[PDB]
Every structure is written in structure tokens, then in C-alpha cells.
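One-letter residues, chain by chain:
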Amino acid sequence: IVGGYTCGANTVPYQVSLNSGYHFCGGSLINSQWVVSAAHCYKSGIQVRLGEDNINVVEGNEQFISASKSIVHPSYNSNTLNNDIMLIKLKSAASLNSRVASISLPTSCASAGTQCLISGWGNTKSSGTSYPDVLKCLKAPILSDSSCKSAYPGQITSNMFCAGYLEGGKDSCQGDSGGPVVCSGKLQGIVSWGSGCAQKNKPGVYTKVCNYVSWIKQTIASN
Ligand SMILES: [Ca+2]
């Protein structure tokens, strides 16, 4: 997250870190057994880390639970990142509590102009590299479809939306991928892609979770 703020420990209790020996992506806990993340975060051998604030210190509220199954969307296209969504099943259910909690799936799609909370342990620099240990947060508005398409001509599908600031300075970034975009208390987006981070005219692009709720509900009813 570039141009964000330190969230505060466990203030984003649905945020997970995906670990394969190291943090590599975020995700969102949607019930005690299942995480939503980006399909481009697929790796074999994932451990889900819940209750994290500093990902490099065991502070006492974590739950570390191996994935048993990962399910990339059936129409995921890794070239365009259309349908950039994955489900991860945990080997055992998380213990839900004040620090480890699920986020609701949406009923309606969020509106242009709505301010959403984006979070993660990704890079904090637009130019260069610095990865934080503690979770970072950013409030960013959803941009109009027209503005999104103008920013990325020929690249935005109806399963994507842009959020952020066209002047630059504030965005998600590498290492935030797969994490949550929460608007009106529901999971509306997944950190997916963007040209660089926090560059002028190149806002973040996010998977439009409201298009996937029926797939998510039938898949978790079946696995
Ligand atoms: Ca920790």
C-alpha cells in the first residue's frame, strides 16, 4: 500500500496473509473455512495466516492454518486477469473471535464514488521498494467505468473496477494482491493489478466481487 497508514493491530480482522515460506499475497476470510483471494496469487503449498499484524513477529493472536484446497475461477485468464479470483479452503476451521472475523459478501455491486478500505503488507513505495511488517490501510474511492477504461484502454472488463486517485500518490501495490477492498462493510473488490503503483493516471484495478457471489456460494456448498 503506497500512501496509506498503519491500520492498527487486528482492526481489519478479515485480512489474511498467504504464506509459502514468506508472505506473498493477501486474502479475505469469508467464513470460518474459506478465504477469497486473487487467482494470480495461486501457489501450491499455501499456509493461511489469520490474526496477523506484524507478519515477522509472532504477537499472540495469530492462527496459522494450512490450505487443503485452492479453486481458481473456471474462467480465469492470467493474460488479461479477467476473473482474477480464487477460493482457498482451510484444513480446519478458524476460531472466530474479535481479531479473526469474516467479511460479508455483497448483495449489490458498489457504486462509483464510494470510499473503500484497501489493506495489505505490499510495497509502500511508488518508485523503489519497501515492505512493511505491519498491516497498512488506504481509503480509496471507486472510479467511474468510463474513467477506468480511459486509464487502461482495451484492458478493462465488466469483472474489473478501478479505485484510487488519478493524481497518483495513493494505491495498492505488489504484495497487496489478493487482499480486500471493503466498501459499506462488504467485500467488493480484490487487489488485482495496475500499471506500477500510485502513478499518475494509472489507478488500481480490482476484481469485481459482486459478479462472483453465485459462484462462491455454489462452490463452498459443494467443497
Ligand atoms: Ca504476527
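Residues numbered from 1 in each chain as written, not as in the entry; some residues may be left out. Heavy atoms only, no water.

- Header annotation of the entry names X-ray crystallography as the structure determination method and lists the resolution as 1.16 Å.

- The name given to the protein chain in the PDB entry is Cationic trypsin, and the organism recorded there is Bos taurus.
- Within the UniProt record for the protein chain, the comment given under Subunit is "Interacts with SERPINA1."
- The UniProt entry for the protein chain carries this comment under Sequence similarities: "Belongs to the peptidase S1 family." (UniProt positions renumbered as here; feature names shortened; annotations may be inferred.)

### Structural notes on the coordination of the calcium ion
Moving on, step 1. Looking at the calcium ion, one finds its protein donor set to be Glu52 (OE), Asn54 (O), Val57 (O) and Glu62 (OE), positioned 2.2 to 2.3 Å from the metal centre.
Moving on, step 2. Here the donor residues of the calcium ion are spaced in sequence according to E-x1-N-x2-V-x4-E.
Moving on, step 3. Residue classification places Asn54 among the buried positions, given a relative accessible area of 14%. (Donors = N, O, S within 2.8 Å, 3.2 Å for Na, K, Ca; no water. Buried < 20%, exposed > 50% of the residue type's maximum accessible area, 1.4 Å probe, protein only.)

### Some remarks on the domain arrangement of the protein chain
Moving on, step 1. As assigned here, the protein chain comprises domain 1 (1-12 + 103-210) and domain 2 (13-102 + 211-222).
Moving on, step 2. The C-alpha centroid of domain 2 is placed 17 Å from the C-alpha centroid of domain 1.
Moving on, step 3. Domain 1 puts 38 residues into the contact, and the matching count from domain 2 is 40 residues.
Moving on, step 4. Both sides of the domain 1 and domain 2 interface together cover about 2900 Å² of buried area, and 54% of this is carbon and sulfur.
Moving on, step 5. Together, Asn10, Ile103 and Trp121 form the three largest contributors to the area buried by domain 1 at its contact with domain 2, with a combined 26%. (Domains from an automatic or database assignment. Contact = heavy atoms within 4.5 Å. Buried area = accessible area lost by both parts, 1.4 Å probe.)

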